[PDB]
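What follows is the residue order along each chain.
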Amino acid sequence: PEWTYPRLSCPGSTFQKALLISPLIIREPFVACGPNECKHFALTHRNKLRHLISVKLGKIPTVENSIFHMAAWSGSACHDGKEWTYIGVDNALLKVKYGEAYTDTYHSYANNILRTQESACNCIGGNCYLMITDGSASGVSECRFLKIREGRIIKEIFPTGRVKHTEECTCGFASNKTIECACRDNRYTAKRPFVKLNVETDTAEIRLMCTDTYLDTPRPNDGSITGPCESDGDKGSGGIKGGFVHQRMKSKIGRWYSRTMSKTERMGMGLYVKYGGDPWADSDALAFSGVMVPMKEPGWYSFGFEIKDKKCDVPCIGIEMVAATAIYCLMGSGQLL
Amino acid sequence: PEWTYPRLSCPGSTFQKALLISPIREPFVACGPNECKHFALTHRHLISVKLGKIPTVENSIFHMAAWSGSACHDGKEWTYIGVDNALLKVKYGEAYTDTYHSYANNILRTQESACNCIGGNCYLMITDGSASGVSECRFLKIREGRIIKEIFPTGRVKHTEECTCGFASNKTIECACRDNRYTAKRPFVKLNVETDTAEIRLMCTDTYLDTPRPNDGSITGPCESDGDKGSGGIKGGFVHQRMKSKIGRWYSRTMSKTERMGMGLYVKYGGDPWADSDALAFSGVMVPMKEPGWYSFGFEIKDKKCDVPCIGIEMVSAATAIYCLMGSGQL
Amino acid sequence: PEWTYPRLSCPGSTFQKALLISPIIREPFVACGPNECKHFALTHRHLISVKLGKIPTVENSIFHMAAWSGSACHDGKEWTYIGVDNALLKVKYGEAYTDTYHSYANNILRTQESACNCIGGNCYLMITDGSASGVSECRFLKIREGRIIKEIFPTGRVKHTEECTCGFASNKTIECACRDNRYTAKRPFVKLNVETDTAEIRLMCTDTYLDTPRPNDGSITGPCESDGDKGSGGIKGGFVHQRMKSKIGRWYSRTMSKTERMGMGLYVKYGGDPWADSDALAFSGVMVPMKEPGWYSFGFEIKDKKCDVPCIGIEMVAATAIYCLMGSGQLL
Amino acid sequence: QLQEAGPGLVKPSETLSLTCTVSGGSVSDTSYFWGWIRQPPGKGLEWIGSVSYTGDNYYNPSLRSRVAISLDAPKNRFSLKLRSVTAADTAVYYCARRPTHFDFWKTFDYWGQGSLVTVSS
Amino acid sequence: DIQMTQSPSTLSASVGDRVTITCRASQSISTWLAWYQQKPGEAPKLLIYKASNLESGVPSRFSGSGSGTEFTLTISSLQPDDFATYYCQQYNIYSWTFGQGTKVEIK
Ligand SMILES: *[C@@H]1O[C@H](CO)[C@@H](O)[C@H](O)[C@H]1NC(C)=O
Ligand SMILES: *[C@@H]1O[C@H](CO)[C@@H](O)[C@H](O)[C@H]1NC(C)=O
Ligand SMILES: *[C@@H]1O[C@H](CO)[C@@H](O)[C@H](O)[C@H]1NC(C)=O
């Protein structure tokens, strides 16, 4: 019973299909992992009866298997090394549950729809960092990072940079000093905002990703936004949560991202990677690693998580398929098959 | 595995919906270190599931035959209590440990809630005598499954049933009780656990808590008086908020004065309910008036360092809604 | 926790039904670690697991990893799960994916749907890669805490080795009874060292012809090294070692029928070396009557507090049954 | 269209507050960034920062510990606040406006006149 | 940040002469390099947008071009009204940094 910390990633260079869960009626799945177990979280099918539930990863989500953590139309989960944090929203209120007990709450700031990262959150020591957001998807939507300690909200972090619209952030650790997040951006652009959160200084900054590979959906053709790294290109309306994990090697940080194949519908799902660099100021295209999901199959939301091995962490990306969950992980080397 | 004690409550000032369990009767919740269990009766047996699971036959464990019952945890183990003219049977952990006989040769009943354990001593309310008339309650002190002492209350003991109990402090247990036949005003029990002595007096509060009820303040009389609408009734929710300097008291009430419909949450801080007529503040609506809102009960969730007051509500088989003292702001 | 070094077995002379489990699940096998046995099988496609003794279902099962072929073992500290789906073999240790192995022959990579054998922290796994009706080499992978640290290339008769059933002959030796498609009805036998990580395969000399379809024992008419009549297709047979202080007993299964996959008999021989001993194995009894199907048969061992219990199971078409070395007398 | 006003003198450790008045356009217009450029005497230009009505805000990282920019839409103006002014901060402070037109293709099309601020005891 | 250098830092040129000013970014800035004309006593006036384009109202004597790291501004015919200090900035990644600029003296 000791706090988790970011650790260097398990050796490997590629991703492969790891596990598929394909049948309760659930939506918007995610996975979160503690020191020795992974849980598959989803919301049980906006509506007062919606709930945040979980089953052990590898189980089929059924009523017999599922534990109901809290009422919620949206939510997240974390593990700080001593216990699980369950977070969710049902104006709107955000509730935080630690282990068995309800602890703090947070009220919509925008007095508008409140949502959180639909993903595992990121804990260092006993401090869990959660992205929350509100103001409506149709316009300006501001995100904040809540620093949660044993279920209590101790600090609210207001970001600088491009903050007019940040939603559904997929976060992971780049290093022991920082959390980075690949965010959704409705209304304004095909480029995902990228958040850098300094955990030593509890300071966040957001800039638009510079890469010419557009990651949100719908998107214009890659390389087709003749503007400075910061500009908003076409097809801003719509959008979807992207997968994103870090590969922390002793000397380099790899960054893995998901994208749909469709520039229109949410169809298929591809995997992209870049090693090293600094996305806020780096226009180079991401390398294509392979196809996680075929174009004839649904491919909606995707998320990152990391599996804890005994002495390293394994980056993994999950994909929602309207909904079944496919898991891909950084195991070994070679092409994704 | 040390005995539990009442602890100060977790900082917060309001209640919010926490959890709904919905597709059994007389549901309640009891909690111990590192777990909560949802209890209910099988339409008879006392059964339970881990809180958060939906009760199913595969999930439910049958603790004992019972048409009435309760449960407790003393820090070392679970106490399961129930009735089935009937006998009270007490189980501790896996073994059946003791019994208590009927005393008025009538329908023996218990709290249909969690009981309150301090140290190894679990305080259970039992009652007999029949609802349509005089019904004297007694408290049993149960130690490691055995009935060590019976406590006979003073004060207004004419009729006490279905008591929702909790700790006001480490030196006393207070209970918000049902009162059929005679009044819409709930009896309030103060049990001294240092002296195993109890007194019962009516809550003086103008905001009548039982159902059916008269309008607030609609009875000119002393705190001690009975008023109208004594026939019919329902168990109220009740929890304490134990702060370093003040004791908060939270209560539930149906919205309808005539029917078991809706459910509101009321609160008052400090004072002495036996001699304090001031109205309870309205915190909010737990259940809309178009929904059942029937029985409610208190329980406390144990955090690592503090306790969280919670109130659950029965909704007719029936669903269970849980509200808890998390955060601050309106419900 | 510590490593699962193999131990001498629990005394007894014969087998009987230890447990039967019966109501799309295929190719069952079981494996045991300290204080725990799991029943493994594939779905029709994941490697799934249910605790041994429960009937496989949804509620009592887990989907451990995607695969259409796989295996499992426990090293004394954690469970290792293996599976494949130009398929890639994945290795998972506990909950983490730890490594992979690519194709070699670039064929249908398959493994041992039986059990993985761990000594110390080193788990030995046989993998097969190569058509069906043709040459197919096998290799042994040495896996440590989920990582592949060594690939072992056998000598001897290696033209075709498939779907092996492995167990320990001793602390310093692993032996496996392998299927042979295309070339012979006789079953190949591999002897694997662990001190030198060296494997060698020779055809079992023994005139029991432990496969199906098989000839009568009028094949041979060739030195033990004779790939004679039938062998097309084949069945995944298996065996366990008895490991006694003074000698190694070897318990093998054979389809009763020489044609289709019907019935199942149990055979035993004690001592010697199957690579150069033509004497037929003794018949112990019938595990499955020749009215009922009897398909894959895996070996596994159940760990007792002080000793190991050799057990052989079998697939019915699905459902399975376990036979164990319990006491003496005859198989009933 | 842009005009600076405020103290022409602060002493070390004091906060400098300069306000740029907007006319012929509006700070409430989401298509523009408003901001400040510094020019120390004898030196070239240093960018300080810029803000938008949409909430976006950027600052020079070497300075972004001591600086805040406020877009005071109700009075159609904006201001620069610099804490702990010490010495090297003596400069002409200019306000400017940057349209995000076409696709963020422009850099400060409109400029103020500038206000020279001396830092002295 | 991106460090930008301008050269020549001081320029002596005649009326009717041709002026070339070069910006050297330490990192690629794609094609987003802006140029300004600062007459002494005045706020800098923008001349050039995306390396070229040319700001409306600029005398057509001015034009820029370039990509990546090396960019130039030229004045087709230098006139006394072109006396100014000229500056350029990265106009891609944030932390827009200006070079020291150049002084253009007209003789
Ligand atoms: C973070 O610091 C802890 C200190 O014990 C160390 O164990 C861990 O490996 C470090 N992680 C990374 C990614 O540097
Ligand atoms: C009194 O209550 C506090 C609450 O935290 C608890 O820690 C303490 O043990 C209690 N004392 C006794 C003896 O009841
Ligand atoms: C192998 O050595 C270990 C050493 O602890 C021993 O426990 C084990 O029983 C040995 N193997 C056999 C077959 O007895």
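Our subject is the structure that appears above.
Reference entry: report on the structure contained in this document. (Residues numbered from 1 in each chain as written, not as in the entry; some residues may be left out. Chains lettered and ligands numbered in written order. Part of a larger assembly, values for the part shown. Heavy atoms only, no water.)

## A few points about the sheet that holds strand β23 (residues 281-287) of chain B
All names here are of chain B. Taken together, four strands build an open sheet; the order of strands is β20-β21-β22-β23 and the sheet is antiparallel. Of all strands in the sheet, those bounded by a partner on one side alone are β20 (238-242) and β23. Between one strand axis and the next, the sheet turns by 25° as a mean value, whatever way the strands run. Bridge count between strand β22 (residues 263-269) and β23: five bridges; the pairing is antiparallel. (Pairing = 2+ DSSP bridges. Helix = DSSP H or I, 4+ residues; strand = E, 2+ residues; numbered from the N terminus. Axes fitted to C-alpha atoms, helices over the stretch in contact; angles between N-to-C directions.)

## Side note on the interface of chain B and chain A
How big an interface is tends to be reported as the loss of accessible area on association of its parts. Each partner contributes residues to the interface: chain B has 27 residues there, and chain A has 25 residues. Along the contact surface separating chain B from chain A lie four salt bridges. Between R152(A) and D303(B) there is a salt bridge, with the nearest N and O atoms lying 2.8 Å from each other. Counting every contact that joins chain B to chain A gives eleven residue pairs in polar contact. Those elements giving two or more residues to the side of chain B that touches chain A turn out to be β1 (16-21) and β3 (35-42) of chain B. A per-class count over the side of chain B that touches chain A returns twelve nonpolar, eight polar and seven charged. (Contact = heavy atoms within 4.5 Å. Salt bridge = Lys/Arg side-chain N within 4 Å of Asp/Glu carboxyl O. Polar contact = N/O pair within 3.5 Å; in protein donor to acceptor, adjacent residues only side chain to side chain. Nonpolar A, V, L, I, M, F, W, Y, C, P; charged D, E, K, R; others polar.)

## Details of the site of ligand 3
All names here are of chain C. Residues in close proximity to ligand 3 include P6, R7, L8 and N171, which together make up its full environment. Here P6 contributes a backbone N or O atom positioned 2.7 Å from a nitrogen atom of ligand 3. Contacts to ligand 3 include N171, whose side-chain N or O atom sits 2.4 Å from an oxygen atom. For ligand 3, the accessible surface in isolation is 350 Å², of which the surrounding protein chains cover 54%. (Near = heavy atom within 4 Å. Areas by Shrake-Rupley, 256 points an atom, 1.4 Å probe, with all protein chains shown as cover.)

## Thoughts on the pairing of strand β3 (residues 16-22) of chain D
Residues and elements named next belong to chain D. Because side chains alternate across β3, one face comprises the buried residues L16, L18, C20 and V22, and the other comprises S17, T19 and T21, none of which is buried. Bridge analysis of strand β1 (residues 2-5) against β3 gives four bridges, and the strand direction is antiparallel. In the sheet register, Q3 faces β3, and the bridge partner there is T21. Pairing geometry for β3 and strand β8 (residues 77-82), over six bridges, is antiparallel. Counterpart to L16 in the pairing with β8 is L82. (Buried < 20%, exposed > 50% of the residue type's maximum accessible area, 1.4 Å probe, protein only.)

Limitation: the analysis is restricted to geometry and does not speak to function.
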